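J.: The structure's right below; bear with me while I get my questions together.
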4 protein chains.
Amino acid sequence: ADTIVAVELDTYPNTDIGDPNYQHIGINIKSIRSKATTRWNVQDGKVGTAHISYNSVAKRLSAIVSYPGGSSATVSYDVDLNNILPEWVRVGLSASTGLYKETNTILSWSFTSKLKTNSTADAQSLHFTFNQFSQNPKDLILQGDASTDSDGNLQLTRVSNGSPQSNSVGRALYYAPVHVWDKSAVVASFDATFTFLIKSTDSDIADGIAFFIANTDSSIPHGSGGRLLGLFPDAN
Amino acid sequence: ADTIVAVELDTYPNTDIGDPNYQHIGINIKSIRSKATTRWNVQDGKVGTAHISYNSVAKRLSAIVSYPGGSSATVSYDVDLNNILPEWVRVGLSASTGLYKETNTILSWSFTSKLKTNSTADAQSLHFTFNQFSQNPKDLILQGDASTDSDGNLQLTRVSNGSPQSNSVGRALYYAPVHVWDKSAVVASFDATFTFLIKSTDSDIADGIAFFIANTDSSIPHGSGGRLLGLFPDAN
Amino acid sequence: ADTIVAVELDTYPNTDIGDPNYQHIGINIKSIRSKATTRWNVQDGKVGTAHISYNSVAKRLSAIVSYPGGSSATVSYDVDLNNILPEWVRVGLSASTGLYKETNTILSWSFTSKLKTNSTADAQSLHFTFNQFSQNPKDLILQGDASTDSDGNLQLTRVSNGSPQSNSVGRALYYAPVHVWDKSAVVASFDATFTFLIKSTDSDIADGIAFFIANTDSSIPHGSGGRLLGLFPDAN
Amino acid sequence: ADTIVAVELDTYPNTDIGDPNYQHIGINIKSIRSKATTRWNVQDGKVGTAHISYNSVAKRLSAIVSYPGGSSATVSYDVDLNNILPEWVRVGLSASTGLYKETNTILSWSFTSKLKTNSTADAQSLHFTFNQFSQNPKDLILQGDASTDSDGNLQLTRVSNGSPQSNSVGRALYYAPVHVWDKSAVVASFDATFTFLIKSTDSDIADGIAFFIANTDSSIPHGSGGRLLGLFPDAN
Ligand SMILES: [Ca+2]
Ligand SMILES: [Ca+2]
Ligand SMILES: [Ca+2]
Ligand SMILES: [Ca+2]
Ligand SMILES: [Mn+2]
Ligand SMILES: [Mn+2]
Ligand SMILES: [Mn+2]
Ligand SMILES: [Mn+2]
């Protein structure tokens, strides 16, 4: 194993590691080389939204990221996550800056998980929403440079005096592990939404924000930085 | 006409109109001839469970039908429902018997609809669940022989002192119109669950149960008894 | 007669019918004469929030109303709504203006009701959420001057070209009847939230906004158009 | 020491420490001497259901525990719990047996927490349910003789060969901490439901099951066996 399924909001195109030659939105399955991508357009300074969906029966993993004004992108891949993921996982959001930098601010985050089966209702389920983040988020595993600011926002990557910083990595995970699958399960599904703010003084920006599902114990790998988005140790 | 999107639990093969020559489940888009079908075996006098899923980014409608033990069957179909469905709908369950008969008993019904936008705040959402039924469902629109018995179960087709009745048709729509898409719509989704109980003295049975989405004003069309499941005028 | 239980956001003190000599919130039971009120200070032009709660075990109906900043006011009244309401009801928001006028604008609304029994299977429940009102809400029964503006706001009372109008009443009820209690139920509970905007160029404003529960066929009673906030025929 | 709020399903009358001279249900504020108590008759061998509820405006913690008709016992106590509990807490279940014993089997558990210092699009929400417990629950902090059987039920007190043991303590806490209150808070609230099976072959039994919220690091106190329900070190 050692596993990651992520949805990447990729803000710098490294054509050498199979990024398309433009800012994009992608689906990652065990590799940084996105299994599917669509054209995205960052809009420096604006609050964006990301909606992610998967359903064990339809087996389509789809995401959509939107800025107000109608300008939005969708991508979906098409994969049986029962076979990829472990039964228990932790969900999270992570982000990185490179030589080029940006704010990777999360203003809000929601997530639903259902393990229904039979005789209906719910064998197991989880829901959390955060619309403000506590100064001391006791239900989040903060990793690397991930902090909450005095605004009740989650700064995945470092920010000094209104300014982003180079070579930063932050991840935040939901404290509780999530039972994404069981042998006796009929359906499994999850839905995740988060709002983000990517801003910088420069027009050149790096490297992106991603939402990820991983193993319970998962921590920031080794060559995680820049364009590995805190997710993978190599570009394979 | 009536614009019906339906998920059928078809208990009797009408091969003359494209039914596979076996009990099955189907995704129907504007026609009784399922746009997708999957073999399904009825367990007489047992409690089944059905789960229905749609997400407007995935654009795939899927459905699962399952009995305790393991027995289950899935079906899905790729369709942009935005292009099939009107801004406003009502949802419901329908059922019918022919010369051959069955109990078409609902023991529980759940529904979720989210019209999404640029945040974790849903533009519009609706969620109802019924785990037993009121003797006078003022929130249900009962059509045909649909009714609720002295147990709090919804009997869509008739029942006289135990035994089911022939040539019967029953529908129950939820009272509130459901907002299935706006303009400001970034994502629209819905999910539906119901537990059922199909029972007869005779081994050969007809005709089935269905979940449907229709124009709000929809009623049972003329001559849609038996093999048309109370959804369609003709078999075109 | 119309059976009404309401929570009032009374923006004008009519001391002649039992209003305290100040702007206040109140819990009304079968009467515009509030069973418990608390001092409330309207903030002109500011968006406020109210939260309403009840639970058949606790048998306390409480409300809280807050503006951004700090200012909040709560009121609470002990009552068994089993004895007061019909088994089936409808929930709405109503508003009125008198000689003096104000905008009674709703920007968001949501309602959970649960009927609980021997499970976590809610016996029955309903949940709807509005954050933007479509230009033509088929899920709302609009009465009196109530309509939806081109912003996706709900103007319970008339507003012409930015200016609110006098002698205006509006009500807006959710389409579906709510099952508020069943005899076989064990706990029955509801919660409501809505966000509002009272504005006016005059410092002197009237009359207020209400959230109410009522018999299903409840309509705006005759001559109920000012201090009676579209709820009551008279002042008893 | 541990800061503890609990609802006790007390199955043995310890009259030398303030228990009423019968079986009962009770509200515990930082002591096993319940602030309010109500008569409750344990029905041996039967799945009972318990619902707990609180809202920070009402300041009224109510509980209701019952069995298939009638036959239901209720207790409440007015209290500002947000001046009693730490900002962040953990929610859990605990049970104990003495010389006399019983099964304290949990079949289902659900919980909701809402912290709206907001305008409904919660600042912070958490919801979870289990209707079957996994044979290895990564998302429960198991603390006693508390394990989960092969039935998908949670045995809070030890059971050998279908038979309950003497002198057993067990507790299960949800993994994620819960943000019960913040300085910027307008309303907080919570609801829990669980279903339980108290069974024994001995005509006398002990000691009971409890729902509880305590500090995030709470663990089994030291004299907490038997009559102290795994909750308290002494009986003050
Ligand atoms: Ca990149
Ligand atoms: Ca057929
Ligand atoms: Ca008044
Ligand atoms: Ca005791
Ligand atoms: Mn990429
Ligand atoms: Mn068919
Ligand atoms: Mn008043
Ligand atoms: Mn006691």
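J.: Specify the inter-centroid distance of the stretch B:130-151 and the stretch C:82-134, based on alpha-carbon positions, in whole Å.
T.: 22 Å
J.: What number comes out for the charge environment of C:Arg90, summing +1 per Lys or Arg and -1 per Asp or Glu over other residues with Cβ under 13 Å away? Each step should come with its number before you reach the end.
T.: Numbers: positive: B:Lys138, C:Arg171; negative: B:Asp139, C:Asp2, C:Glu87, C:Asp139, C:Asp217.
Spelling it out: positives minus negatives among the neighbours equals -3.
J.: Another question, if that's okay. To the nearest Å, what is the center-to-center distance of the stretch C:178-228 and the stretch B:34-70, using C-alpha atoms only?
T.: Distance between centres, Cα-based: 41 Å.
J.: Can you check what the net charge comes to around C:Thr157, using other residues whose Cβ is under 11 Å from the Cβ of C:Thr157 (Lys, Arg +1; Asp, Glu -1)? Display every interim value, and only then the final one.
T.: Numbers: positive: C:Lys101, C:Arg158, C:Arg171; negative: C:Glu102, C:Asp145, C:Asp207.
With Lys, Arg at +1 and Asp, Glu at -1, the net is 0.
J.: Counting only other residues whose beta carbon sits under 14 Å from that of D:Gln135, what net charge do I get with K and R as +1, D and E as -1?
T.: Values: positive: A:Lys183, D:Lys138; negative: A:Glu87, A:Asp182, D:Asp139, D:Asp149, D:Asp151.
It works out to a net charge of -3.
J.: On to the next question. Sort D:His127, A:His51 so that the residue with the fewest other Cβ atoms within 10 Å of its own Cβ comes first and the one with the most comes last. Could you put the intermediate results ahead of the total?
T.: Numbers: D:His127 16, A:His51 29.
Fewest-to-most Cβ neighbours within 10 Å comes out as D:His127, A:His51.
J.: Now for a separate question. I'd like to compare B:185-197, B:162-174: which one has the highest average count of other Cβ atoms within 10 Å, and what's the full order after that?
T.: Details: B:185-197: 21.5, B:162-174: 19.9.
Final packing ranking: B:185-197, B:162-174.
J.: In angstroms, what radius of gyration and Dmax does chain B have, counting Cα atoms only?
T.: Taking only Cα atoms of chain B, I get Rg and Dmax of 16.8, 54 Å.
J.: So, with +1 on the Cβ of K and R and -1 on the Cβ of D and E, and no other charges, what is the size of the charge dipole of the protein assembly as shown about its Cα centre, to the nearest 20 debye? Walk me through the numbers before you get to the answer.
T.: On the way: 68 positive and 88 negative charges, 5 e Å.
The dipole of the protein assembly as shown has a size of about 20 debye.
J.: With the cut-off at 1.5 for a/c, could you classify the protein assembly as shown from its C-alpha gyration tensor as rounded, prolate or oblate? It would help to have the intermediate numbers written out before the result.
T.: Numbers: a/c = 1.03, a/b = 1.02, b/c = 1.01.
In terms of gyration-tensor shape, rounded.
J.: Can you list, shortest first in nanometers, how far A:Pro233 lies from the same residue in the other copies, with each label 7 Å from Cα toward Cβ?
T.: Between copies, matching label points for A:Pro233 lie 4.5, 6.7, 8.0 nm apart.
J.: Among the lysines, which have Cα under 18 Å from the Cα of D:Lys116 when same-chain residues fewer than 8 positions away are ignored?
T.: A:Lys138, D:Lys59, D:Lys183
J.: How big is the charge dipole of chain C about its Cα centre, in debye rounded to the nearest 20, if each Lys and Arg gets +1 on its Cβ and each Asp and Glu gets -1 on its Cβ? If you can, show how the numbers build up before the last one.
T.: Details: 17 positive and 22 negative charges, 80 e Å.
That gives a dipole near 380 debye.
J.: If the cut-off is a Cα-Cα distance under 19 Å, which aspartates and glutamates reach C:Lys199, setting aside same-chain residues fewer than 8 apart in sequence?
T.: C:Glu8, C:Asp10, C:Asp44, C:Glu102, C:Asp145, C:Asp149, C:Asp151, C:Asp207
J.: If you count, for every residue in D:66-75, the Cβ atoms of partner chains within 10 Å of its Cβ, what is the mean? Kindly include the intermediate steps, with their values, before the conclusion.
T.: Numbers: counts 5, 1, 2, 4, 0, 0, 4, 0, 6, 1.
Mean partner shielding for this stretch: 2.
Computed from the coordinates by the stated procedures, all read-outs in this text should not be read as laboratory data. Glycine gets a Cβ as well: all are built from the backbone with ideal geometry, and neighbour counts include every protein chain shown.
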